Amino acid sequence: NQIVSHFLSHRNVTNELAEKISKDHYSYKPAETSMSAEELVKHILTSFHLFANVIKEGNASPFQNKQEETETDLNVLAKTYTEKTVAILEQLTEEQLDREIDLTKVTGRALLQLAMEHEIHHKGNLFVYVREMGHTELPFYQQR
């Protein structure tokens, strides 16, 4: 499964970086107009999961799903959302990837690439956050 594998290649690094964020650094912002460390991390987690459900349904209906996540521990959020996203990705068929999703139009495949680049972008942000928090021994940005 190259979709799941390629996702985890990047998401495993995101999760490892999230672990290096102490609870005092949840609020940490590089600049005044920046997302806080935890806003950044949660956005990475929820955004990919939204996209994964849009490809799964083929609809824009998962935007209507207001999912009130009660958990605040970033590491638990990271683990839970990774498991939920993998479970969706594992089942995605070539039909679901090939078909057009009509959004207020994009193929499942093209939205997946968009989801992957969004992850990669924000993990790119996250590396500088974590480096500024005192950590100097950081993973390579992608696992093999």
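The first residue of the sequence shown is number 1, and the count goes up from there.
Unmodelled residues of the deposited sequence between residue 67 and residue 68: none, the chain being continuous. For the pair 123-131 and 21-29, the mean B factor over Cα atoms is greater in 21-29.
Of the two segments examined, 10-18 and 132-140, it is 132-140 that shows the higher average Cα temperature factor in the deposited entry. You'll see in the entry that, of 106, 76, 35, 116, the Cα B factor peaks at 106. Residue-level inspection of the entry shows that, of 89, 101, 110, 41, 101 has the top Cα B-factor.
For residue 59, the recorded CA B-factor ranks within the highest third of the chain. Only modelled residues enter the ranking.
In the deposited entry, the Cα temperature factor of residue 82 sits in the middle third of values across the chain's modelled residues. When the CA B factors of the chain's modelled residues are split into thirds, the value for residue 53 lands in the middle one.
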